[PDB]
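Text of input-v4.csv, listed as CSV, C-alpha atoms and all ligand atoms:
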```csv
chain,number,residue,atom,x,y,z
A,2,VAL,CA,82.9,128.5,89.8
A,3,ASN,CA,85.4,130.1,87.3
A,4,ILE,CA,87.6,127.6,85.4
A,5,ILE,CA,90.9,128.8,84.2
A,6,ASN,CA,93.3,126.6,82.2
A,7,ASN,CA,96.8,128.3,82.1
A,8,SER,CA,99.8,125.9,82.2
A,9,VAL,CA,102.2,128.3,83.9
A,10,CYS,CA,104.3,125.4,85.2
A,11,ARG,CA,105.4,124.8,81.6
A,12,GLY,CA,105.5,121.0,81.7
A,13,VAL,CA,108.9,121.2,83.3
A,14,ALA,CA,108.5,117.9,85.1
A,15,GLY,CA,107.8,116.0,81.9
A,16,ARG,CA,105.0,113.6,81.0
A,17,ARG,CA,103.7,111.0,83.4
A,18,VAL,CA,105.0,107.5,82.6
A,19,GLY,CA,102.5,104.8,83.4
A,20,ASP,CA,98.9,105.1,84.7
A,21,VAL,CA,97.4,107.7,87.0
A,22,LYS,CA,97.1,106.2,90.5
A,23,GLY,CA,95.1,108.9,92.2
A,24,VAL,CA,94.9,112.4,93.6
A,25,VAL,CA,96.5,114.3,96.5
A,26,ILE,CA,94.5,117.0,98.3
A,27,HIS,CA,96.8,119.8,99.5
A,28,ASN,CA,96.3,123.0,101.4
A,29,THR,CA,98.4,126.0,100.4
A,30,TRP,CA,98.8,127.2,104.0
A,31,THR,CA,98.5,130.7,102.5
A,32,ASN,CA,95.4,133.0,102.2
A,33,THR,CA,96.1,134.2,98.7
A,34,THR,CA,93.7,133.7,95.8
A,35,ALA,CA,94.1,131.0,93.2
A,36,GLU,CA,95.0,133.7,90.7
A,37,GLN,CA,97.7,135.0,93.0
A,38,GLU,CA,99.1,131.5,93.1
A,39,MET,CA,99.0,131.3,89.4
A,40,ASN,CA,100.7,134.6,88.9
A,41,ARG,CA,103.4,133.6,91.4
A,42,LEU,CA,104.2,130.5,89.4
A,43,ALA,CA,104.0,132.4,86.1
A,44,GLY,CA,106.8,134.7,87.4
A,45,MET,CA,109.2,131.9,88.5
A,46,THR,CA,112.0,130.6,86.4
A,47,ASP,CA,112.0,126.9,85.5
A,48,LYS,CA,114.7,126.5,88.1
A,49,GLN,CA,112.5,128.2,90.7
A,50,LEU,CA,109.7,125.7,89.8
A,51,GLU,CA,111.9,123.0,91.2
A,52,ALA,CA,110.8,124.1,94.7
A,53,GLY,CA,107.4,122.6,93.9
A,54,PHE,CA,104.0,123.1,92.3
A,55,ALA,CA,100.7,121.3,91.8
A,56,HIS,CA,98.3,120.7,88.9
A,57,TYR,CA,95.4,122.8,90.2
A,58,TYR,CA,95.0,125.8,92.5
A,59,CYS,CA,91.5,126.3,94.0
A,60,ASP,CA,89.9,129.0,96.0
A,61,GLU,CA,86.3,129.7,96.9
A,62,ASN,CA,85.5,131.1,93.4
A,63,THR,CA,88.1,129.6,91.0
A,64,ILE,CA,89.8,126.4,89.9
A,65,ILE,CA,93.0,127.1,88.0
A,66,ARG,CA,94.8,124.2,86.1
A,67,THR,CA,98.4,125.3,86.3
A,68,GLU,CA,99.7,122.0,84.9
A,69,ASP,CA,98.1,119.7,82.4
A,70,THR,CA,97.2,116.4,84.1
A,71,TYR,CA,99.2,114.3,81.5
A,72,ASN,CA,102.3,115.9,83.0
A,73,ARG,CA,104.0,115.2,86.3
A,74,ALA,CA,104.0,117.8,89.0
A,75,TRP,CA,106.6,118.4,91.8
A,76,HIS,CA,104.0,118.3,94.6
A,77,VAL,CA,104.9,115.7,97.2
A,78,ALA,CA,108.7,115.3,97.2
A,79,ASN,CA,108.5,111.6,96.2
A,80,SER,CA,109.1,110.2,92.8
A,81,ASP,CA,106.1,107.9,92.5
A,82,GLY,CA,103.8,110.5,94.1
A,83,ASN,CA,105.0,113.2,91.6
A,84,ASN,CA,104.7,110.8,88.7
A,85,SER,CA,101.5,109.0,89.4
A,86,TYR,CA,99.2,111.3,91.5
A,87,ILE,CA,97.5,114.5,90.5
A,88,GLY,CA,97.9,117.4,93.0
A,89,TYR,CA,95.1,119.8,94.0
A,90,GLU,CA,96.0,122.9,96.1
A,91,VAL,CA,93.2,124.4,98.3
A,92,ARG,CA,93.5,127.9,99.5
A,93,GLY,CA,93.8,127.7,103.2
A,94,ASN,CA,95.8,128.9,106.2
A,95,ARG,CA,94.9,129.8,109.7
A,96,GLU,CA,93.4,133.2,108.7
A,97,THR,CA,91.2,131.9,105.9
A,98,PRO,CA,87.5,132.3,106.9
A,99,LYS,CA,85.8,129.0,107.5
A,100,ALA,CA,83.2,129.3,104.8
A,101,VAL,CA,85.8,130.4,102.2
A,102,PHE,CA,88.1,127.4,103.0
A,103,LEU,CA,85.2,125.0,102.9
A,104,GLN,CA,84.0,126.2,99.5
A,105,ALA,CA,87.6,126.1,98.1
A,106,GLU,CA,87.8,122.5,99.4
A,107,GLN,CA,84.5,121.5,97.6
A,108,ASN,CA,85.8,123.0,94.4
A,109,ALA,CA,88.9,120.9,94.6
A,110,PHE,CA,86.8,117.8,95.4
A,111,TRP,CA,84.7,118.4,92.4
A,112,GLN,CA,87.7,118.8,90.1
A,113,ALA,CA,89.3,115.7,91.6
A,114,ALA,CA,86.2,113.7,91.0
A,115,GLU,CA,86.1,114.9,87.3
A,116,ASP,CA,89.7,113.7,86.9
A,117,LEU,CA,89.2,110.3,88.7
A,118,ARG,CA,86.1,109.7,86.6
A,119,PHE,CA,88.0,110.7,83.4
A,120,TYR,CA,90.9,108.3,84.1
A,121,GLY,CA,88.5,105.6,85.2
A,122,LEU,CA,89.7,105.3,88.8
A,123,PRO,CA,87.7,104.4,91.9
A,124,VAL,CA,87.4,106.7,94.8
A,125,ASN,CA,89.0,105.0,97.8
A,126,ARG,CA,92.1,105.0,100.1
A,127,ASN,CA,94.2,103.8,97.2
A,128,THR,CA,93.3,106.8,95.0
A,129,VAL,CA,92.8,109.6,97.5
A,130,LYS,CA,95.9,110.5,99.5
A,131,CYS,CA,97.4,113.1,101.7
A,132,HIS,CA,100.8,114.8,101.1
A,133,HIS,CA,102.1,113.5,104.4
A,134,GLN,CA,101.7,109.9,103.2
A,135,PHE,CA,104.5,110.6,100.7
A,136,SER,CA,106.9,112.8,102.7
A,137,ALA,CA,107.2,114.6,106.0
A,138,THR,CA,104.8,117.5,106.2
A,139,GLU,CA,101.8,118.9,108.2
A,140,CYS,CA,99.8,119.2,104.9
A,141,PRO,CA,96.8,119.3,104.5
A,142,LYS,CA,96.9,121.3,107.7
A,143,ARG,CA,93.7,123.3,107.5
A,144,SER,CA,91.7,120.3,106.3
A,145,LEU,CA,93.1,118.3,109.2
A,146,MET,CA,92.1,121.0,111.7
A,147,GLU,CA,88.6,121.4,110.2
A,148,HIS,CA,87.6,117.8,109.6
A,149,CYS,CA,89.8,115.8,112.0
A,150,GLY,CA,90.3,118.3,114.8
A,151,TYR,CA,94.0,117.8,114.5
A,152,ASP,CA,96.0,121.1,114.9
A,153,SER,CA,99.5,119.9,115.6
A,154,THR,CA,103.2,119.8,114.5
A,155,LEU,CA,103.5,116.1,115.4
A,156,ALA,CA,103.6,113.7,112.6
A,157,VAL,CA,100.0,112.9,111.6
A,158,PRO,CA,99.1,109.6,113.4
A,159,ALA,CA,97.9,106.8,111.1
A,160,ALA,CA,94.4,106.8,112.4
A,161,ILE,CA,94.0,110.5,111.7
A,162,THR,CA,95.4,110.0,108.2
A,163,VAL,CA,92.8,107.3,107.5
A,164,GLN,CA,90.1,109.6,108.9
A,165,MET,CA,91.2,112.5,106.7
A,166,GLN,CA,91.3,110.2,103.6
A,167,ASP,CA,87.8,108.9,104.4
A,168,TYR,CA,86.5,112.5,104.6
A,169,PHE,CA,88.1,113.4,101.3
A,170,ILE,CA,86.7,110.2,99.8
A,171,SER,CA,83.2,111.0,100.9
A,172,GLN,CA,83.3,114.4,99.3
A,173,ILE,CA,85.0,113.3,96.1
A,174,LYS,CA,82.7,110.3,95.7
A,175,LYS,CA,79.6,112.5,96.0
A,176,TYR,CA,80.8,114.4,92.9
A,177,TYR,CA,82.2,111.4,91.2
A,178,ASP,CA,78.8,109.5,91.4
A,179,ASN,CA,76.7,112.6,90.5
A,180,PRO,CA,78.4,114.0,87.4
A,181,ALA,CA,76.0,116.9,87.0
A,182,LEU,CA,76.3,118.2,90.6
A,183,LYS,CA,78.2,121.4,90.9
A,184,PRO,CA,80.5,122.4,93.9
A,185,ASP,CA,78.6,125.7,94.5
A,201,CL,CL,101.6,122.2,100.0
A,202,CL,CL,112.1,118.5,92.1
A,203,CL,CL,85.6,132.2,110.4
A,204,CL,CL,106.3,109.1,105.1
A,205,NA,NA,102.1,127.2,98.4
A,206,NA,NA,108.0,126.6,93.4
A,207,NA,NA,102.6,124.6,96.0
A,208,ZN,ZN,100.8,119.5,100.4
```
Hey, can you dump this file as structure tokens for me?
Amino acid sequence: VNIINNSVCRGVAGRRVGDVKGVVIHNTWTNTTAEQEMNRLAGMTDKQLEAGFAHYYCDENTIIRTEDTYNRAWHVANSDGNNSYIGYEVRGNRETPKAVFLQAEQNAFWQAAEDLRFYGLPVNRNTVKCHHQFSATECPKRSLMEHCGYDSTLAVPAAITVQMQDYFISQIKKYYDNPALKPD
């Protein structure tokens, strides 16, 4: 997997105050490459970045760190979420091929495990969260369809949220506990 560190989000949200609390696994609900996502952010004004961005963008081949993890990111429309949780964007919409989406997901899980291990956090329901636990959204919609069978515009039910967390936790913990394991 190609690793690219390029902080195109320019630190506009400022440094995190306080400890890291966990990670949020997003889906872009687009079918663009991680590099296309990076270029899109690089071409925005700092005002346009106010619409939102994450710390990493991942596709089947690439992990791009678009914001240093010591900075906040405007990724969940919630102040404590934006301050305390690191955001991972997985390439994935309805058109993305299954195997491409699943590889992209694994790349994000591997990077999330690296960061949880670095900050010394456990891998559990406190530290692995979904965007819709912070604010109203269907995200992570493709993960929800693939792993929970939930393809809907209704607000994600609590039992499905827990199931999606547990899936994310199982994948992240596999990398967390096995530091030499690679996502490909
Ligand atoms: Cl999103
Ligand atoms: Cl904002
Ligand atoms: Cl397919
Ligand atoms: Cl909510
Ligand atoms: Na997006
Ligand atoms: Na934006
Ligand atoms: Na985004
Ligand atoms: Zn999201």
Would you list the residues that come within 7 Å of ligand NA 206 (chain A)? Count all atoms listed in the file and give the answer as a PDB file with C-alpha atoms, in the coordinates of the input.
```
ATOM      1  CA  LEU A  42     104.200 130.500  89.400  1.00  0.00           C
ATOM      2  CA  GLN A  49     112.500 128.200  90.700  1.00  0.00           C
ATOM      3  CA  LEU A  50     109.700 125.700  89.800  1.00  0.00           C
ATOM      4  CA  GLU A  51     111.900 123.000  91.200  1.00  0.00           C
ATOM      5  CA  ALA A  52     110.800 124.100  94.700  1.00  0.00           C
ATOM      6  CA  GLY A  53     107.400 122.600  93.900  1.00  0.00           C
ATOM      7  CA  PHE A  54     104.000 123.100  92.300  1.00  0.00           C
TER       8      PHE A  54
END
```
Please, which residues in region 114-169 of chain A fall within 10 Å of region 26-34 of chain A when counting all atoms listed in the file, and what is the closest atom pair and distance in Å to one decimal for each, ordered by chain then residue number, as a tab-separated table?
```
residue	atom	partner	partner_atom	distance
A:129	CA	A:26	CA	7.6
A:130	CA	A:26	CA	6.8
A:131	CA	A:26	CA	5.9
A:132	CA	A:27	CA	6.6
A:133	CA	A:27	CA	9.6
A:139	CA	A:28	CA	9.7
A:140	CA	A:27	CA	6.2
A:141	CA	A:28	CA	4.9
A:142	CA	A:28	CA	6.6
A:143	CA	A:28	CA	6.6
A:144	CA	A:28	CA	7.2
A:145	CA	A:28	CA	9.7
A:166	CA	A:26	CA	9.2
A:169	CA	A:26	CA	7.9
```
Taking all listed atoms of region 51-67 of chain A, build the axis-aligned box, pad each of the six sides by 8 Å, then write its centre and edge lengths in Å to one decimal as JSON.
```
{"center_x": 98.7, "center_y": 125.9, "center_z": 91.5, "size_x": 42.4, "size_y": 26.4, "size_z": 26.8}
```
Using only C-alpha atoms and all ligand atoms, determine which residues fall within 6 Å of ligand CL 204 (chain A), then list them as a short mmCIF file (atom, residue, chain, number, x, y, z; two decimals) with C-alpha atoms, in the coordinates of the input.
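Everything below was put into pocket_17.cif:
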```cif
data_model
loop_
_atom_site.label_atom_id
_atom_site.label_comp_id
_atom_site.auth_asym_id
_atom_site.auth_seq_id
_atom_site.Cartn_x
_atom_site.Cartn_y
_atom_site.Cartn_z
CA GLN A 134 101.70 109.90 103.20
CA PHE A 135 104.50 110.60 100.70
CA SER A 136 106.90 112.80 102.70
CA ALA A 137 107.20 114.60 106.00
#
```
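The closest residue to residue 126 (chain A), picked from A:112, A:164, A:138, A:179 and counting all atoms listed in the file, is A:164.
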Against region 113-116 of chain A, which residues of region 33-93 of chain A fall within 9 Å? For each one I want the closest pair of atoms and the distance in Å (one decimal), counting all atoms listed in the file, rows by chain and increasing residue number, as CSV.
```
residue,atom,partner,partner_atom,distance
A:70,CA,A:116,CA,8.4
A:87,CA,A:113,CA,8.4
A:88,CA,A:113,CA,8.9
A:89,CA,A:113,CA,7.5
```
Expected selection as a compact mmCIF listing (two decimals) with C-alpha atoms, in the coordinates of the input for ligand CL 202 (chain A) within 12 Å, all atoms listed in the file:
```
# COMPACT_ATOMS: atom_id res chain seq x y z
CA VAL A 13 108.90 121.20 83.30
CA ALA A 14 108.50 117.90 85.10
CA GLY A 15 107.80 116.00 81.90
CA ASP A 47 112.00 126.90 85.50
CA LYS A 48 114.70 126.50 88.10
CA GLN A 49 112.50 128.20 90.70
CA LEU A 50 109.70 125.70 89.80
CA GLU A 51 111.90 123.00 91.20
CA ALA A 52 110.80 124.10 94.70
CA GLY A 53 107.40 122.60 93.90
CA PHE A 54 104.00 123.10 92.30
CA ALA A 55 100.70 121.30 91.80
CA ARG A 73 104.00 115.20 86.30
CA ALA A 74 104.00 117.80 89.00
CA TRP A 75 106.60 118.40 91.80
CA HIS A 76 104.00 118.30 94.60
CA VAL A 77 104.90 115.70 97.20
CA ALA A 78 108.70 115.30 97.20
CA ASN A 79 108.50 111.60 96.20
CA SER A 80 109.10 110.20 92.80
CA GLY A 82 103.80 110.50 94.10
CA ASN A 83 105.00 113.20 91.60
CA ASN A 84 104.70 110.80 88.70
```
Skip residue 173 (chain A) itself and residues of its chain fewer than 3 positions away, then list as a compact mmCIF listing (two decimals) with C-alpha atoms, in the coordinates of the input all residues within 10 Å of it, counting only C-alpha atoms.
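See around-v1.txt below for the written result:
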```
# COMPACT_ATOMS: atom_id res chain seq x y z
CA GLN A 107 84.50 121.50 97.60
CA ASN A 108 85.80 123.00 94.40
CA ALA A 109 88.90 120.90 94.60
CA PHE A 110 86.80 117.80 95.40
CA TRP A 111 84.70 118.40 92.40
CA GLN A 112 87.70 118.80 90.10
CA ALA A 113 89.30 115.70 91.60
CA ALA A 114 86.20 113.70 91.00
CA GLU A 115 86.10 114.90 87.30
CA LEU A 117 89.20 110.30 88.70
CA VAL A 124 87.40 106.70 94.80
CA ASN A 125 89.00 105.00 97.80
CA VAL A 129 92.80 109.60 97.50
CA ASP A 167 87.80 108.90 104.40
CA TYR A 168 86.50 112.50 104.60
CA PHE A 169 88.10 113.40 101.30
CA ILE A 170 86.70 110.20 99.80
CA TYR A 176 80.80 114.40 92.90
CA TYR A 177 82.20 111.40 91.20
CA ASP A 178 78.80 109.50 91.40
```
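Closest to ligand ZN 208 (chain A) among A:91, A:59, A:64, A:156 is A:91, based on only C-alpha atoms and all ligand atoms.
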(request) Rank A:103, A:165, A:10, A:146 by their smallest atom-to-atom distance to ligand NA 207 (chain A), using all atoms listed in the file, and report the top residue only. (result)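 So, comparing all the options, the nearest one is A:10.
Going from CA of residue 101 (chain A) to CA of residue 41 (chain A) covers 20.9 Å.
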